[PDB]
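Enquirer: I have a structure here, written as C-alpha cells, and I will follow up with some questions on it.
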Amino acid sequence: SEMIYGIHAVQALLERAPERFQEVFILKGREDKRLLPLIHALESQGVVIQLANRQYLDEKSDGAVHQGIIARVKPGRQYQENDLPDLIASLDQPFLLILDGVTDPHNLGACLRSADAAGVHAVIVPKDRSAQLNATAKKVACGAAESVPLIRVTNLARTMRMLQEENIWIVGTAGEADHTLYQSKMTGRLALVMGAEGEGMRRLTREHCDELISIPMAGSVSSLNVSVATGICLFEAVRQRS
Amino acid sequence: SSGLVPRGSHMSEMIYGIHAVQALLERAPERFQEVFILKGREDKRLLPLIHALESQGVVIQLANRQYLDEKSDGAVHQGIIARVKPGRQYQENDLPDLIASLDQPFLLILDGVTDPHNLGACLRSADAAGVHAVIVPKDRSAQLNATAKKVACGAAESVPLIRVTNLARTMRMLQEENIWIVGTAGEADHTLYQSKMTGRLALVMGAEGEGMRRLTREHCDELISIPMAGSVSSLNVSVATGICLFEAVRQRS
C-alpha cells in the first residue's frame, strides 16, 4: 500500500491507473472548484471516498502540500529490464525515450514530465550512474512518475540492440551529427536518445544509434538545457507523428 | 542659482565563469579591459580561451588564488577573472529602434515568470533560437539577478531583456510595427503546428500558474496550444518556451 498526496498525482492516476485507487481522503469542510472535478470522477469510478479533518491529513503525509487530498493506492507496476520485450510487444508503435547520463534527480523528473506530455510509452535509463526516482524527481515530474514507466537497465548497448532486433529505429542527439533534428524521420518504431548536458551520449551509446541528429543553434556559444532539449526533440516527433 | 550635474564615472565590472569569460569573449569582446589567470600553471581548457583573448589584443595577467577568490567574492570563477566595461542595458524607449534595425524581428514575451531560475532558463533558450529581445512586464517578472544570469549560461550577456511599464501598451506598439503576436494558451483552438510562425513575430508565454494575463491574451493576434497526450500531461515554462520557440525556428529556416 502506497500513500499519495496532491492533485497532480491523484489525477495522473485517475487518467492512467484509476484501478489503483482503494480509498480517498479529502478535507471535510472546505469547497474547492479544484477538487469537485476530481471528487466526481472518483465517485464515477466507484472509488470509496472518505471524510477526514485536516489533522488526519497533516500526519499521514508528513506535512505535505496535500492541497486537501490524499489517497490509499496499490503500488504501481514497476517494469524491470526483463519485462521490456513484452511491454514493447504490447505496443502498436513504440515511442521510447532513452536517457544516457541524467544523474540529477531534478532533470529526470523534468524529462519524465515532458515524455508523458509527448506520449512516450517508456523511459529507459542506465541502471548504473543515473538519477533515482526519489521524492524530488516525482515532484518535478508533476505526476509523470505514475504514468510513464522508467525502466532501469544493466547495459544500455545491450538493450539498444534488443530494441533494434525489434525494429525500433534509434535516433540520438549529438553535436557531431550531419543533419538536424528537422531533417530526420521520427515516425514509426522510435527511440530518442539524449545524453548528459556536457558529455552527451557515451561513445558506445551513440554508435548503437541508427541515426544522429543535432539541434540547430543560433550562436556558436548558444547551448541548451537537457530537459529543454529533450522536450524540443520529443515534440518535433509529436509533430511529425500527427 | 545653479544646477549640478554628475560629471560621470567609469566603473568596471568583474566577470567569472567560462560561460562569461569565454562567453563574453565571443559574445561581447569590446567590453574587455583586463583578464586574469593562474601564474605559470598549465590548463588545457584555458589555452583555447587565452588564445582568442590574445588575438583580440586584450591584456592577460597571471595571479594567485587568493587574488582570484578575493576579487571574486570567493566565487566559482574557474581560474579565469575578467575586468570589463558595463554592459549595455536596454530600456523600454530603446525598443522602437531595436525593432527598426531588424527586417524580421523575432521577439519573446514572458508574462508572469517571477522565478529567476525560469527567467534565466528562458533566456538561454531564446539565445539558442535567435530571439532578438525578451520583453517582460516590470511589475510582473523576475529580476535578471545572479541566479538568473547563471541559469542563462551566458545568454544574459547576448540577449537584451527589456522591462516594460505597460505590457499591453508595448504590445500595441509591436503590432503598429507589423509584428504578429502569437500567445500560448490552453484556451487556444489550434496548436502551434497549425500556426504560421514566420515573418515579424513575437511569441508570448505565460507562467505555469495563473498563466497569461487576460489583457495580454487579448492583445495577441493569435492563440496556440501545445498538444498534450492525456488530460494529465503539462509542461514547465522553460521547456514549453523552448518547444514553441523552436517550432518557430523550424518554420523560418
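Residues are named by chain letter and number: chains run A, B, ... in the order of the C-alpha cells, numbers start at 1 in each chain, and ligands are numbered from 1 in the order shown.
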I'd like the contact shell of residue A:5 - 7 Å cut-off, only C-alpha atoms, skipping same-chain residues fewer than 4 positions apart - returned as a PyMOL selection string.
Expert: chain A and resi 9-10+61+66+69-71
Enquirer: Restrict the distance test to only C-alpha atoms, flag each residue of chain A within 6 Å of chain B, and return the flagged residues as a list in words.
Expert: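 Only these qualify: residues 12, 116, 117, 118, 119, 217, 218, 222, 228 and 232 of chain A.
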Enquirer: Which neighbours of residue B:28 fall inside 12 Å, counting only C-alpha atoms, when residues of the same chain fewer than 3 positions from it are skipped, and could you give them as a PyMOL selection string?
Expert: (chain A and resi 221) or (chain B and resi 20-25+31-33+53+56+84-88+154-159)
Enquirer: From stretch 92-187 of chain B, collect each residue whose DSSP state is alpha helix (DSSP H) and return the set as a ChimeraX atom specification.
Expert: /B:95-100,116-129,146-151,155-158,167-176
Enquirer: If you keep N, CA and C atoms, can you produce a file of those selected residues as a tab-separated table (two decimals), in the first residue's frame?
Expert:
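This went into result_12.tsv:
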chain	number	residue	atom	x	y	z
B	95	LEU	N	13.33	50.12	-27.35
B	95	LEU	CA	12.58	49.15	-28.14
B	95	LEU	C	12.28	49.59	-29.57
B	96	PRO	N	11.69	50.78	-29.73
B	96	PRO	CA	11.40	51.20	-31.10
B	96	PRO	C	12.59	51.10	-32.06
B	97	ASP	N	13.77	51.52	-31.62
B	97	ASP	CA	14.93	51.47	-32.51
B	97	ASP	C	15.48	50.07	-32.76
B	98	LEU	N	15.50	49.25	-31.73
B	98	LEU	CA	15.96	47.88	-31.89
B	98	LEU	C	15.11	47.21	-32.96
B	99	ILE	N	13.79	47.41	-32.88
B	99	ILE	CA	12.88	46.81	-33.84
B	99	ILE	C	13.11	47.40	-35.23
B	100	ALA	N	13.45	48.68	-35.27
B	100	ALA	CA	13.70	49.37	-36.54
B	100	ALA	C	14.92	48.82	-37.31
B	116	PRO	N	13.43	33.70	-10.92
B	116	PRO	CA	14.70	33.97	-11.61
B	116	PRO	C	15.23	32.77	-12.39
B	117	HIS	N	15.14	31.60	-11.80
B	117	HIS	CA	15.59	30.39	-12.44
B	117	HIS	C	14.88	30.22	-13.78
B	118	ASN	N	13.56	30.38	-13.79
B	118	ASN	CA	12.82	30.24	-15.04
B	118	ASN	C	13.20	31.36	-15.99
B	119	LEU	N	13.39	32.56	-15.47
B	119	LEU	CA	13.75	33.69	-16.32
B	119	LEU	C	15.07	33.42	-17.01
B	120	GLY	N	16.02	32.85	-16.27
B	120	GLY	CA	17.31	32.55	-16.86
B	120	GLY	C	17.24	31.39	-17.84
B	121	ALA	N	16.46	30.37	-17.49
B	121	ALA	CA	16.29	29.19	-18.33
B	121	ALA	C	15.71	29.63	-19.66
B	122	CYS	N	14.75	30.53	-19.60
B	122	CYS	CA	14.11	31.02	-20.82
B	122	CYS	C	15.02	31.85	-21.72
B	123	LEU	N	15.88	32.66	-21.11
B	123	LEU	CA	16.80	33.49	-21.89
B	123	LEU	C	17.70	32.56	-22.66
B	124	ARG	N	18.20	31.54	-21.98
B	124	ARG	CA	19.10	30.57	-22.60
B	124	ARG	C	18.49	30.00	-23.89
B	125	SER	N	17.21	29.60	-23.83
B	125	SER	CA	16.52	29.04	-24.99
B	125	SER	C	16.33	30.13	-26.04
B	126	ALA	N	16.01	31.34	-25.59
B	126	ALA	CA	15.80	32.46	-26.50
B	126	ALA	C	17.05	32.71	-27.35
B	127	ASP	N	18.20	32.69	-26.67
B	127	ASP	CA	19.51	32.88	-27.28
B	127	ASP	C	19.80	31.77	-28.29
B	128	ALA	N	19.42	30.54	-27.94
B	128	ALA	CA	19.62	29.41	-28.84
B	128	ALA	C	18.76	29.54	-30.09
B	129	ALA	N	17.58	30.15	-29.96
B	129	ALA	CA	16.66	30.29	-31.08
B	129	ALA	C	16.89	31.53	-31.96
B	146	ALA	N	21.86	37.37	-10.28
B	146	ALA	CA	22.95	36.42	-10.44
B	146	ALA	C	22.47	35.01	-10.68
B	147	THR	N	21.43	34.60	-9.96
B	147	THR	CA	20.87	33.27	-10.15
B	147	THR	C	20.37	33.16	-11.60
B	148	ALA	N	19.64	34.18	-12.06
B	148	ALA	CA	19.14	34.17	-13.43
B	148	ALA	C	20.30	34.10	-14.41
B	149	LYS	N	21.27	35.00	-14.24
B	149	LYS	CA	22.42	35.05	-15.13
B	149	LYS	C	23.16	33.73	-15.24
B	150	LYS	N	23.16	32.94	-14.18
B	150	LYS	CA	23.86	31.66	-14.21
B	150	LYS	C	23.06	30.61	-14.97
B	151	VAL	N	21.78	30.48	-14.66
B	151	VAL	CA	20.97	29.52	-15.38
B	151	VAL	C	20.94	29.87	-16.88
B	155	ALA	N	23.78	33.66	-22.10
B	155	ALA	CA	22.75	34.38	-22.84
B	155	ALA	C	22.49	35.76	-22.25
B	156	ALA	N	22.50	35.84	-20.93
B	156	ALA	CA	22.29	37.13	-20.26
B	156	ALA	C	23.14	38.24	-20.86
B	157	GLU	N	24.33	37.92	-21.33
B	157	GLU	CA	25.18	38.94	-21.93
B	157	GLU	C	24.92	39.12	-23.45
B	158	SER	N	24.11	38.24	-24.06
B	158	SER	CA	23.83	38.34	-25.52
B	158	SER	C	22.37	38.73	-25.84
B	167	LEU	N	2.74	46.38	-20.34
B	167	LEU	CA	2.86	45.30	-21.33
B	167	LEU	C	1.88	45.38	-22.52
B	168	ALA	N	0.60	45.60	-22.23
B	168	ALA	CA	-0.40	45.71	-23.28
B	168	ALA	C	-0.10	46.88	-24.22
B	169	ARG	N	0.31	48.01	-23.65
B	169	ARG	CA	0.60	49.16	-24.49
B	169	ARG	C	1.83	48.87	-25.36
B	170	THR	N	2.85	48.26	-24.78
B	170	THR	CA	4.05	47.90	-25.53
B	170	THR	C	3.63	46.95	-26.66
B	171	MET	N	2.67	46.07	-26.38
B	171	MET	CA	2.18	45.12	-27.39
B	171	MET	C	1.50	45.84	-28.56
B	172	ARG	N	0.72	46.88	-28.24
B	172	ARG	CA	0.06	47.69	-29.28
B	172	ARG	C	1.13	48.33	-30.16
B	173	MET	N	2.26	48.67	-29.56
B	173	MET	CA	3.34	49.29	-30.32
B	173	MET	C	3.95	48.25	-31.26
B	174	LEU	N	4.15	47.04	-30.76
B	174	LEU	CA	4.69	45.97	-31.60
B	174	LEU	C	3.79	45.76	-32.82
B	175	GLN	N	2.48	45.71	-32.59
B	175	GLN	CA	1.54	45.49	-33.68
B	175	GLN	C	1.53	46.66	-34.66
B	176	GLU	N	1.74	47.87	-34.17
B	176	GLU	CA	1.80	49.04	-35.03
B	176	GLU	C	3.01	48.88	-35.93
Enquirer: Using 12 Å as the limit and counting only C-alpha atoms, can you tabulate each residue of stretch 105-145 of chain B that touches stretch 178-187 of chain B, with its shortest atom-to-atom distance in Å and the two atoms involved, as JSON lines?
Expert:
{"residue": "B:105", "atom": "CA", "partner": "B:179", "partner_atom": "CA", "distance": 7.5}
{"residue": "B:106", "atom": "CA", "partner": "B:179", "partner_atom": "CA", "distance": 8.8}
{"residue": "B:107", "atom": "CA", "partner": "B:179", "partner_atom": "CA", "distance": 9.0}
{"residue": "B:108", "atom": "CA", "partner": "B:181", "partner_atom": "CA", "distance": 9.6}
{"residue": "B:109", "atom": "CA", "partner": "B:183", "partner_atom": "CA", "distance": 8.8}
{"residue": "B:110", "atom": "CA", "partner": "B:183", "partner_atom": "CA", "distance": 10.0}
{"residue": "B:111", "atom": "CA", "partner": "B:183", "partner_atom": "CA", "distance": 10.1}
Enquirer: Per DSSP on the backbone, what are the strand (DSSP E) residues of stretch 6-227 of chain A, as a ChimeraX atom specification?
Expert: /A:21-27,48-52,69-73,95-100,122-126,150-153,169-173,179-180,190-195,211-214
